[PDB]
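Each remark here refers to the structure printed beneath this line.
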Amino acid sequence: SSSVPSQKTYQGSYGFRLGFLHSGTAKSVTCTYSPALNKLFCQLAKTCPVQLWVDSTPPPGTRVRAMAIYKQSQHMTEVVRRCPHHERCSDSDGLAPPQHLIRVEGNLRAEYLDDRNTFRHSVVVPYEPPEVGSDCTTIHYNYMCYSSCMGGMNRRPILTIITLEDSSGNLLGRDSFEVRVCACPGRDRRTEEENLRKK
Amino acid sequence: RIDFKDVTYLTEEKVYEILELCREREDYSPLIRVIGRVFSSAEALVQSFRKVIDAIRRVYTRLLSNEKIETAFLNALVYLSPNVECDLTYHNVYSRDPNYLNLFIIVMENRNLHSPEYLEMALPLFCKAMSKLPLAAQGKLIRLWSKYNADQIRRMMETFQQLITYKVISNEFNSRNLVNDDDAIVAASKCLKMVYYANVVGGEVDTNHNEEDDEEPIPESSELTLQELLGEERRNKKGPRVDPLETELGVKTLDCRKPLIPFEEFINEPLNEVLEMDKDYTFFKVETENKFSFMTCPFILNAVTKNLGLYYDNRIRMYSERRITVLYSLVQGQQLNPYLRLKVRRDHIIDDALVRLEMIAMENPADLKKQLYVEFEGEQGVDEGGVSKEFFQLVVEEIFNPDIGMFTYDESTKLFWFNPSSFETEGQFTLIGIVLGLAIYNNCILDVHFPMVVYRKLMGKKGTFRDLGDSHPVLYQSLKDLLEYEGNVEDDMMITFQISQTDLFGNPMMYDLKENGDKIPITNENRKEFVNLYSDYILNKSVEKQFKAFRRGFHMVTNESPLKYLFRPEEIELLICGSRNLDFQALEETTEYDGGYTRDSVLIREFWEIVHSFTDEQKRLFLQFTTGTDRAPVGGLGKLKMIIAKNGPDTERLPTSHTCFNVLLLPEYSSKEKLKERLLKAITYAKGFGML
Amino acid sequence: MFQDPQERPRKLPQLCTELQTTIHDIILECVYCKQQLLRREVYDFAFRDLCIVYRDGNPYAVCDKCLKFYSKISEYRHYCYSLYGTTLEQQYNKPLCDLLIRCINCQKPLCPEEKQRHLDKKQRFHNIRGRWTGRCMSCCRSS
């Protein structure tokens, strides 16, 4: 079946992870992050990256798979599907298959993998040192997907859990992942913070 | 008439043909025009002498067969340099093409510009254009200086130094005009720094001979890993800073072992004794990058000025700690004593210090760095240093006294060392460390005979051939003799791998470096491994625990302070032990008088003459008898503040000097024979009386 | 109770899930003030993006009132690059953020309205080791 790994926190001895930048909760300021609830509201099809760093020099060269697993269990086994409106329309770059939400623009070393372990095409994420030392790693990921296309869209969140495959038998890369494309792309975050802090 | 404008770059054959044509026509004007055209632009020199290397080696010999070429050279080198400034500030020429390191080579190979007429606008402007250069080009140029003979690199370092001397004699320096606001002197200093790094690379530098920091899990201060709680990772701490060129070459000032020329040579005294460091420290630590911090050159400054900077660091440290603690007591309401009042008994001083200072240091290791206000029991008063000085000296002497068995003495070099194989308690070697740090920070002489090894491995080093040749150079010479021994050691002395190892009771204990140390014969097919293993085990790995405790104490009294590289191993000694050189003229010119007696008094003149009647040994023994230390204070006899007061009239009642304040209250006597006899008796009975 | 080195949790809202809790059932204990968690303290901890590390094995949180207690000690003692030129633009490959650091005074990575708040004063800026710290809304005036 489409069993999913547990939601844990496995960083490791060497600390490579994201780092997010906050500039305010203005209407037009979407190059930011939710400091409290750890939520991404960045505008769709917009360039909103905020800086990049890494500890010293992690060894790159191997691609690590990462599948966008849902949260609610009634469709935990569901296979992620691109929006039919985006699938049929000619809006991609041609190389992007009409079955993936992944638009690799913050990096260049990620390719779609037709994984048949659970009938789920799990695209790999670029495991590379960003800028090799600086401040607040934020790899640029912007998704163009509308999840209310009266089909298998069933508006819902998808979480990009990182799975590391290498020479060793251990699977690494378990962080506080966050990927959303539906509902409001950017805008402010104070209102969602307030209406979620009461629940 | 041929203008010779069909040729734009100079080579050996073409210049030879030009010279032949000029000689045949007996006219130097075409040659002057050609040389001016060539030296009017940078690209002409860029394409010049392009090999299809001895051209620069041989052509310059025949350039100097006349006189009219030097007048053209002067204005050519005045004009050319600003073009190089334009081509170096924002042009990235070295990035575009590595074939750019010929211009300054040609400009600098001529060993004749050093005439004083050039060194007003020709070579100073060349130095201004040399100040800016891509950071890899500086290193690449330095490689060829390093891989070269010592004589000519020496010659150019004196020509740069005498240029520096010429300006510092010419230019004026004061508070409103420091020695840094002038760009020419700063640029000359930078190029001299380049020559410095070349010369240090010339010596037999070393990096494997650097003992790794076998630091125990020192009690951390939660404000260091609070940052890791703030969200960062294990920070490469912004503490100790390193010169960028040191990173480029992988060469540190500490790495030098035996240089081609003594490092004292680089000390530019005319600049050095006109330099102020009280505000130079501010220019340095905050790192304002429009000025040059001469501490970045740890070679152009001497003992006194660096020590002034270190003291200023301690002063600003105490200022910051008080600024923090006033608000700490305002809010948290906790009581802290800024004075390090180590109030102890008269005979339990060591153990009282153990039970108080270590406790006050575990809470805050920066408390050791503070100022100490010693207050004994039975006497009271404002301690200006006399009680502190006697505390320090009695601590050292009782530790020097073999009643504890932890400080040993050798008559070969008159130096005090630790016990090689003691079984001490780690607290015993912690008051030595804290007292030593205070002496470095109390501006007080600490009578001690620590060799260079202490001040070196206390800096982060190991010790080497010359460091071994400080206590027992006889073993050094014995192994140096065996170094060139081409015979068979096995068939001559059949000595095993082990030799000996000293202990407390003198027993020749069993100690094999490896397994079967007494069963492995000496092999002559290799000697360097013997050298390396000896330089390891006989120089370290024997006082690991005890000296580890001592070094821990010193590092916890001074860890956050610019002391790791400003002072070389051969430099912190003068801060506490005393100046080796004993020049009496310094004492004469630096004299402070009191007691109401005029400086022009004949009595003082004959007293000084009586002192002159003594020799160097007698002078130093007199200094030991009076001041209490056998060496002159920091800065020698020309930097202290000695006080001459009056005890009373001409009478032999009680001639006594206030040792607490180092005031020589010598009685005023008329007859000279009585003065000579009394002084001879005082010299003969100096430390046997037990007064000091 | 969490002695795993490689599995160390970072964020308290991130730890909110695997502790069998939706948003408001976390109960832990601090270290530097030795007290139970506070809802406002949880909000402020989420307002500064800390990183919980285990103390003597037990991972514990950090309070809010202790903000200016172990941080004010290192704002006037150690000093380094204090310019807005190239003083941290070439010594490292990637220069810097827009104006974000790991702050010591405002203590969150970047406050929204703190870009020019210091610039309006120009009184001994505390650029410590090259970090452009600012001031937060919880410590604006004298409290």
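Naming scheme: A, B, ... for chains in displayed order of the structure tokens; residues 1 onward per chain; ligands 1 onward as shown.
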Per residue of chain C within 10 Å of chain A, what are the shortest atom pair and its distance in Å to one decimal, counting only C-alpha atoms, with rows by chain and residue number, as a Markdown table?
```
| residue | atom | partner | partner_atom | distance |
| --- | --- | --- | --- | --- |
| C:4 | CA | A:10 | CA | 9.5 |
| C:5 | CA | A:13 | CA | 6.8 |
| C:6 | CA | A:12 | CA | 3.8 |
| C:7 | CA | A:10 | CA | 4.2 |
| C:8 | CA | A:9 | CA | 6.6 |
| C:9 | CA | A:9 | CA | 5.6 |
| C:10 | CA | A:9 | CA | 8.0 |
| C:11 | CA | A:176 | CA | 8.6 |
| C:12 | CA | A:36 | CA | 9.3 |
| C:13 | CA | A:37 | CA | 6.6 |
| C:14 | CA | A:176 | CA | 6.5 |
| C:15 | CA | A:9 | CA | 8.5 |
| C:17 | CA | A:7 | CA | 8.5 |
| C:18 | CA | A:8 | CA | 7.2 |
| C:22 | CA | A:199 | CA | 7.7 |
| C:23 | CA | A:199 | CA | 6.4 |
| C:24 | CA | A:199 | CA | 7.5 |
| C:42 | CA | A:36 | CA | 9.2 |
| C:43 | CA | A:36 | CA | 7.1 |
| C:44 | CA | A:36 | CA | 8.4 |
| C:45 | CA | A:36 | CA | 8.0 |
| C:46 | CA | A:36 | CA | 4.3 |
| C:47 | CA | A:36 | CA | 5.7 |
| C:48 | CA | A:35 | CA | 7.2 |
| C:49 | CA | A:35 | CA | 6.5 |
| C:92 | CA | A:134 | CA | 7.5 |
| C:93 | CA | A:131 | CA | 7.2 |
| C:94 | CA | A:134 | CA | 5.7 |
| C:95 | CA | A:134 | CA | 7.1 |
| C:96 | CA | A:134 | CA | 6.6 |
| C:97 | CA | A:51 | CA | 6.0 |
| C:98 | CA | A:50 | CA | 8.4 |
| C:99 | CA | A:23 | CA | 9.3 |
| C:100 | CA | A:21 | CA | 6.8 |
| C:101 | CA | A:135 | CA | 7.2 |
| C:102 | CA | A:135 | CA | 8.4 |
| C:108 | CA | A:35 | CA | 8.8 |
| C:109 | CA | A:21 | CA | 6.8 |
| C:110 | CA | A:22 | CA | 5.7 |
| C:111 | CA | A:23 | CA | 6.5 |
| C:112 | CA | A:24 | CA | 4.4 |
| C:113 | CA | A:24 | CA | 7.6 |
| C:114 | CA | A:23 | CA | 9.3 |
| C:115 | CA | A:23 | CA | 9.3 |
```
Within 7 Å of residue A:44, counting only C-alpha atoms, which residues qualify if same-chain residues fewer than 6 places away don't, as a count of residues only?
4
Near chain A, meaning an atom within 12 Å, which residues of chain B appear when counting only C-alpha atoms? Write them as a PDB file with C-alpha atoms, in the first residue's frame.
```
ATOM      1  CA  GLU B 228      23.075  27.831  19.056  1.00  0.00           C
ATOM      2  CA  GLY B 231      19.136  29.395  15.794  1.00  0.00           C
ATOM      3  CA  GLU B 232      22.640  29.233  14.368  1.00  0.00           C
ATOM      4  CA  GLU B 233      24.901  26.180  14.164  1.00  0.00           C
ATOM      5  CA  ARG B 234      28.179  25.487  16.001  1.00  0.00           C
ATOM      6  CA  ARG B 235      29.738  28.836  15.156  1.00  0.00           C
ATOM      7  CA  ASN B 236      33.252  29.271  13.854  1.00  0.00           C
TER       8      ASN B 236
END
```
Closest-contact table, chain B side, partner chain C, 10 Å, counting only C-alpha atoms, as CSV:
```
residue,atom,partner,partner_atom,distance
B:222,CA,C:70,CA,7.9
B:223,CA,C:70,CA,6.0
B:224,CA,C:74,CA,9.5
B:225,CA,C:53,CA,9.5
B:226,CA,C:70,CA,7.8
B:227,CA,C:102,CA,8.6
B:228,CA,C:51,CA,7.1
B:229,CA,C:51,CA,4.8
B:230,CA,C:50,CA,4.8
B:231,CA,C:50,CA,5.2
B:232,CA,C:102,CA,7.3
B:233,CA,C:51,CA,9.7
B:237,CA,C:129,CA,9.7
B:238,CA,C:129,CA,6.7
B:239,CA,C:78,CA,8.5
B:241,CA,C:80,CA,9.9
B:244,CA,C:91,CA,9.1
B:284,CA,C:80,CA,8.8
B:285,CA,C:80,CA,5.9
B:286,CA,C:80,CA,4.9
B:287,CA,C:81,CA,5.4
B:288,CA,C:81,CA,7.3
B:289,CA,C:87,CA,7.8
B:316,CA,C:77,CA,8.6
B:317,CA,C:77,CA,6.9
B:318,CA,C:77,CA,9.5
B:319,CA,C:77,CA,9.0
B:320,CA,C:77,CA,5.6
B:321,CA,C:77,CA,7.4
B:323,CA,C:76,CA,8.3
B:324,CA,C:73,CA,6.3
B:325,CA,C:73,CA,8.8
B:327,CA,C:72,CA,9.6
B:328,CA,C:69,CA,8.6
B:331,CA,C:69,CA,9.4
B:332,CA,C:69,CA,8.8
B:560,CA,C:78,CA,8.7
B:561,CA,C:78,CA,9.9
```
Just C-alpha atoms for this one: save the residues we selected as an mmCIF file, in the first residue's frame.
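Saved result, selection.cif, follows:
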```
data_model
loop_
_atom_site.group_PDB
_atom_site.id
_atom_site.type_symbol
_atom_site.label_atom_id
_atom_site.label_comp_id
_atom_site.auth_asym_id
_atom_site.auth_seq_id
_atom_site.Cartn_x
_atom_site.Cartn_y
_atom_site.Cartn_z
ATOM 1 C CA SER B 222 25.862 29.475 28.547
ATOM 2 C CA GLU B 223 26.022 32.678 26.483
ATOM 3 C CA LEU B 224 28.127 30.850 23.868
ATOM 4 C CA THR B 225 25.665 28.018 23.156
ATOM 5 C CA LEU B 226 22.734 30.345 23.728
ATOM 6 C CA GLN B 227 23.532 31.437 20.161
ATOM 7 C CA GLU B 228 23.075 27.831 19.056
ATOM 8 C CA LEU B 229 19.743 28.193 20.857
ATOM 9 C CA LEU B 230 19.155 31.471 18.971
ATOM 10 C CA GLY B 231 19.136 29.395 15.794
ATOM 11 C CA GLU B 232 22.640 29.233 14.368
ATOM 12 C CA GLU B 233 24.901 26.180 14.164
ATOM 13 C CA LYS B 237 33.661 31.802 16.629
ATOM 14 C CA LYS B 238 34.395 35.403 15.645
ATOM 15 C CA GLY B 239 37.161 35.431 18.223
ATOM 16 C CA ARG B 241 41.237 36.604 13.675
ATOM 17 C CA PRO B 244 44.043 36.877 4.846
ATOM 18 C CA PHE B 284 41.756 47.896 15.014
ATOM 19 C CA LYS B 285 39.072 46.076 16.998
ATOM 20 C CA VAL B 286 36.069 47.878 15.501
ATOM 21 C CA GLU B 287 37.853 47.268 12.162
ATOM 22 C CA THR B 288 37.295 50.560 10.383
ATOM 23 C CA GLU B 289 38.625 49.693 6.942
ATOM 24 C CA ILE B 316 38.328 48.302 27.936
ATOM 25 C CA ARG B 317 37.445 44.783 29.120
ATOM 26 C CA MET B 318 37.071 46.029 32.696
ATOM 27 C CA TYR B 319 35.099 49.042 31.453
ATOM 28 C CA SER B 320 32.679 46.748 29.615
ATOM 29 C CA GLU B 321 32.343 44.399 32.589
ATOM 30 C CA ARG B 323 29.045 48.680 32.386
ATOM 31 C CA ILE B 324 27.318 45.288 32.264
ATOM 32 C CA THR B 325 27.391 44.648 36.012
ATOM 33 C CA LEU B 327 22.706 47.098 35.115
ATOM 34 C CA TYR B 328 23.054 43.494 36.305
ATOM 35 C CA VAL B 331 17.824 44.500 37.570
ATOM 36 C CA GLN B 332 18.856 41.094 38.921
ATOM 37 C CA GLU B 560 39.377 36.813 25.036
ATOM 38 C CA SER B 561 42.277 39.196 24.363
#
```
Next item on the list: Going by DSSP on the backbone, which bits of stretch 595-683 of chain B are alpha helix (DSSP H)? Write them as a VMD selection string, please.
Entry: chain B and resid 602 to 612 616 to 627 672 to 683
